[PDB]
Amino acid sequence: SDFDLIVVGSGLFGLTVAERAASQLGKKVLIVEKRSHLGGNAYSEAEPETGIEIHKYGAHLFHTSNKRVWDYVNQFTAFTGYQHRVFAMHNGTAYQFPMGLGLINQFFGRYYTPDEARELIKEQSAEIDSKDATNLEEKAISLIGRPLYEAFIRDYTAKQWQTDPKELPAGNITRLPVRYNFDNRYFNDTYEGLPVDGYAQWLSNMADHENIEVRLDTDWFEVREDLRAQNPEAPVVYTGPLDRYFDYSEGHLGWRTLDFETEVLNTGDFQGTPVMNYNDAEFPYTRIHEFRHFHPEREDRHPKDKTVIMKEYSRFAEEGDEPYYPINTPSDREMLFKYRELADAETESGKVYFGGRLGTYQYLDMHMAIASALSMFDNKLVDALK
């Protein structure tokens, strides 16, 4: 045959399945991508004026504690030593973030020792006992007290979800969001970096294999009947939207979406940090990304007096809008379960496997998506191709 496996979508999930089928099983793999770009939502391109790499489906920071995933991805790209750090803008002051001795000092007026800060939090937060909390405002106040909650969580949360926290589920905060030290590494994982030649280069390296064919600008649903006819017993890994597959015959799954306002400013440095969170209602956006700071090892390939920034706005998805974060109304988790049994059946009668962010209505970190793909490869696909 001309191909042995069809993969719909060229994000990390698709690409991982493809590469494994190509290099481990030696099978011919055809990848079908709707967009014009390879790589799915992880994709990055250079802003044309300045040459600075930007991620146009949200900022992507790579971090994992999963050694298997880590060793795997280093086959296709090297990573930088970048460590993510975030600052939080509130009443005209940039606060160290997340909440630790750093933020505590700045906010409450003076230095607190680690022990002094445990006690400070104990008092602030005793207003509400945690097991007796009904909504999100309460749950949070119950863990860190009102002053911190109202300055750093309330407006920020309300912007991300377009809703008063009192109207939000208590189960959304699960651990204490405070560190009793000055460690402001944003992520606690073992391995962390950015792809040295950018994301596009990395994703593209995954598809660079003699056994892999890629057709950009191709909707699966326009070509599926043609292609499966060329080899009826070739299996399909579908990573597109789960509901759209079954023609929304159980109702539309509900997504939160993001609008990205991208400007080129005539300064070399707009905020001297990669990401600045804005925690006050006065500002429409949740945060501002300044992409040159994601790659400071490039400062002599970057414009001296220009910089690209990008403000992030949050809201709900009308159709046409990109799906980003699953909403998970319980009404949503409902039409999900019914779709999972549609998929399972479809898998058993049509050899069509469902994976990835869109295909399973699940949020996945990159390393999680890659691990999920490696799982499906070993556990379902190796048998399917014998």
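Residue indices: 1-based, along the sequence shown.
Would you tell me which stretch averages the higher CA B-factor in the PDB entry, 218 to 226 or 124 to 132?
That would be 124 to 132.
Should the higher mean CA B-factor in the entry be assigned to 190 to 198 or to 169 to 177?
Comparing averages over the C-alpha atoms only gives 169 to 177.
Determine which member of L203, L101, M276, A140 has the highest CA B-factor, using the values in the deposited entry.
Of the options given, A140 has the highest CA B-factor in the PDB entry.
Say you rank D208, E282, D71, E290 by Cα B-factor from the PDB entry; which sits at the top?
Answer, based on the entry's C-alpha B-factors: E282.
Sorting the chain's CA B-factors, does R146 end up in the lowest, middle or highest third?
Highest third - that is where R146 ends up once the chain's C-alpha B-factors are sorted.
Sorting the chain's modelled residues by C-alpha B-factor, tell me whether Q160 ends up in the lowest, middle or highest third.
Answer is highest: the recorded C-alpha B-factor places it there.
Comparing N328 with the other modelled residues of its chain, is its CA B-factor in the lowest, middle or highest third?
CA B-factor rank for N328: highest third.
Place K311 in the lowest, middle or highest third of its chain's C-alpha B-factors, as listed in the PDB entry.
Middle third of the chain for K311's C-alpha B-factor.
Based on the entry's values, in what third of the chain does the Cα temperature factor of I54 lie: lowest, middle or highest?
Lowest third.
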